[PDB]
Every structure is written in C-alpha cells, then in structure tokens.
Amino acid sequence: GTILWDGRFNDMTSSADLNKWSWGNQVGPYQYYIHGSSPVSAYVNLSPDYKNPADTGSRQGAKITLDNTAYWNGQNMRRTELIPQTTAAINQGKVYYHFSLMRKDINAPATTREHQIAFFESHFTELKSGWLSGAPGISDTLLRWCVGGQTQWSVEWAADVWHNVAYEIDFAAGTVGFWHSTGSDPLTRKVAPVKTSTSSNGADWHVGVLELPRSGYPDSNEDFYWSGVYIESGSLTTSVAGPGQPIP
C-alpha cells in the first residue's frame, strides 16, 4: 500500500490549525472554507475521545458540528466540510478513500432531514442518512451508501457505533466498490464495484456533512465524529488501525 494523502490530523494540535489554510497560502492537509459565519471551534473540534478507539493510527478524531450558523455562501442547506489539500493523483486509476464515522444520541443528526456525507462534488458516491423522499418511515434511521444517488447498501445507524468505510474507486473504469466494517473489525467488501460517472478534479471530496432543509423542521445542533480519514493506492489496508500500525 501507499498513502497518497493523510487526513488523520496527526500533525495538528487542535482544529485551530485549519485556520492556517487560505486560498493564497494553501498549506496543511485540508482546505477549510465550506463553513458558516462562526469561528472554526463552532464547527470542528479535535480530541482523542472523538475517534474510533481501535484506530491506533489516528491520534485524535474530529467532532464536526452543524449549528444554527452552519450556512455557507448564502445557501439554504447546512454544511461543515473539509476538502483534501494535496497534489497527489487521488482521482486517477484505482484509489481507496478511507474514513470512519460515528454519531451519538446527544446532538444526533435529525432523522427527518436528508444528510449527504463524505461526498464528491458530483455526488457520484457518498453516504446519506435521514428522510430522503416519500413518506417518513423505518428507512429514515438508516445510514446508506449511494452511487449516482441510488442506495446500494444500508444499515441501521446506531449510537456510539463506529463505521469504517473505504470507497474502492477505479477512475479509469468508472466504478466504485464499497468496503466496510464496524468497530475494530477489518474492512470487508460489501458491494462489488458499481458503474457510474466518476468525474473528479481531485479537489472535490467533501469530508464532512451537508444537511438539506425540510419544511417544518428547525435546526438543532448535530454532531458527527470522524477519524481515520486518508487516501491510499495500490493495495487496500483493511485494518482499521491503518498502514504501519499493528493489526487489532
């Protein structure tokens, strides 16, 4: 394996380091600009308590928050997103996109609203949660993996459960496969590569969350926990602790 880009925050002391990035000085591992009017500590906070405990490859996890001010560029959807800052060829050939996600019951994401998570700008693949369409119902509490907007896999999204994911993307063939595990277990392929328009410039993977509005549902704080975010090529690391760490 080979890590093309590391988004595990290991060289950051706190989320304040995200402020070092700017269009005129694109330093660090993440572009930080898709957020609301408040300071970064309103939206992103790092702590060892916010990561998958089995992931010894990540020192701290990030709590990503949507609050009443999480609106970017005058849009009506709430968003707090980080984009990889890299020169690596993360959008060519076969690449694996990793991330671990967890929600708690406190400030839990609203099941009445659609959330788009860890999505590419064209939305060719992403996770989704909440009430998407039709009548409200049992499916609204599901965490789903979508390709071209169509759900290909889903699972009940329980509190305190860490979901480890790797999108297996072949940008040459235009296919995306899904690797997943919960907790400390190794990633296994749960959906063979699915065909879709995989078009990306490499500066368009949104690590974070977008939540659509829904009539009659006011904003309340929503917290999402993330760890183990990185991109690798040539060989998938199935260990949730990442490359170079002992396998749990």
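For every residue, the number given is its place in the sequence shown, counted from 1.
- Set 142-150 against 170-178 and average the Cα temperature factors; 170-178 ends up higher.
- Stretches compared: 195-203, 182-190. Higher mean C-alpha B-factor in the entry: 195-203.
- Per the deposited coordinates, the residue with the largest Cα temperature factor out of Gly36, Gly216, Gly208, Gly61 is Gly216.
- Among all modelled residues in its chain, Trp23 ranks in the highest third by Cα B-factor.
- Per the deposited record, the Cα B-factor of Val95 falls in the middle third when ranked against the other modelled residues of its chain.
- Placement of the Cα temperature factor of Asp105 within the chain: highest third of the modelled residues, per the deposited record.
- Residue-level temperature factors show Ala159 in the middle third of its chain, judged at the C-alpha atom.
- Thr86: CA B factor lies in the highest third for its chain, per the PDB record.
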